[PDB]
Colleague: 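The structure's right below; bear with me while I get my questions together.
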Protein chains: 2
Amino acid sequence: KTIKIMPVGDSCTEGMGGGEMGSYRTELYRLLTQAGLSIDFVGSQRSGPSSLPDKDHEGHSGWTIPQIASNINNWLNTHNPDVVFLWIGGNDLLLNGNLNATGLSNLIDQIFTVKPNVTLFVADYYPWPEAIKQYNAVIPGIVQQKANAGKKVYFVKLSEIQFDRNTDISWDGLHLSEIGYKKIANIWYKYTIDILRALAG
Amino acid sequence: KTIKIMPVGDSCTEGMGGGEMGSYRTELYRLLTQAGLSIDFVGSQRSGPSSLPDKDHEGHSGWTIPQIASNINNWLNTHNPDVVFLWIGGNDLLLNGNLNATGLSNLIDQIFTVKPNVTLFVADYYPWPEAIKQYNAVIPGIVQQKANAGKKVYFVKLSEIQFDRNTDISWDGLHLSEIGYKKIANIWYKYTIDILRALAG
Ligand SMILES: [Ca+2]
Ligand SMILES: [Ca+2]
């Protein structure tokens, strides 16, 4: 079965930094395809290097949780994904001075309200800037609460990256380099492959 | 008549910096629509803020003249634009150490070979980094040579921007801010509106 996956997020999903606006999608598409899966990335945005065959996504540079929440019902209905890769909330902290634990929790609930049968992955951030660790701390507990209730939501610990600022951060000093995005892609793979293979089988 | 316009370029067209990957397209779409024109931006990329109704383009962050040349025949045939807004070559200088006057000249010729009836606008750059001025210098003469021969190619002097590094450059120190992109949009408008109104009428 072809699996429709909607990458939803901020500039880390749209792909600012290195990698020609492919984010982790370039390498992850490779890994999932090599694993024998048929993947359709879905979303209305389109960006990436020439090498990425499927450049569709819902990554929006600059966006916060409530901005995603304001539009995601439409995106879900338009694209009807089987799986959502959600990576969001850094801008709530860094742009809005909000640790938005409640917003994230509510957004997860909202996604399942609109698409009850979807499988949802929720990521934390690589540890840069240092301040983001404060937000990373709250995410595993939020996800675990929903999972314990029977929701198909799973945590992707991107913060387990073997982080090296001299290789993994782009020329802009904030966003990931191509190498950093490859490391991130490998962590998505680690945390998603077994569930994806089950959905495909 | 609806005018199909294909924005072709590098990160300055894709929209790195400020403005949520809308580049000059956000403000220029407004200005052209306010002027009474029906504009369809065309291209396979899609990015921009929620406010931009038409987010299609062929801006590719990181790309050089030969990379554009390698693919533009396909883009032209796929999208069949009436007008091309070409803004390219900064990366040839800054990434490849090539002042690519010959590449630009050949790319202009190539565009008309594939689409003889197209109208082409060719831009120089805002003067940042300082080094880009060396490339800006060569562009007007290349365009004028082709125009004198009867080609529908026109120079857009983006370098006439009233440049203020404290307002016009984004947090990354290289790409334009939202304000900078608005200034650029106004210069595109200045140099294109009369020709566009004629094409529409
Ligand atoms: Ca797709
Ligand atoms: Ca369009």
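Counting starts at 1 for both ligands and their atoms, following the listed order. In what follows, chains carry the letters A, B, and so on, assigned in the order in which the sequence lines appear, proteins first and then strands, with residues in each chain numbered from 1. All values below were derived from every heavy atom in this structure, side-chain atoms included, with hydrogens, water molecules and symmetry-related copies excluded.
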Colleague: Check all N, O or S atoms of B:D56 and name the one closest to the Ca ion (ligand 2).
Modeller: OD2

Colleague: Using the Ca ion (ligand 2) as the apex, give the angle to atoms OD2 (B:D54) and OD1 (B:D40), rounded to 10 degrees.
Modeller: 80°

Colleague: At less than 3.0 Å, would any N/O/S atom of B:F41, backbone or side chain, sit next to the Ca ion (ligand 2)?
Modeller: yes

Colleague: When the ring planes of A:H175 and B:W171 are compared, do they come out parallel, tilted or perpendicular, using 30° and 60° as the limits?
Modeller: tilted

Colleague: Looking at B:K146 and B:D109, does any basic side-chain N land under 4.0 Å from a carboxylate oxygen?
Modeller: yes

Colleague: Please check if the distance between the ring centroids of A:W87 and A:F121 is under 6.0 Å.
Modeller: no

Colleague: Indicate whether any N or O donor in one side chain lies under 3.5 Å from an N or O acceptor in the other, for A:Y189 and A:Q34.
Modeller: no

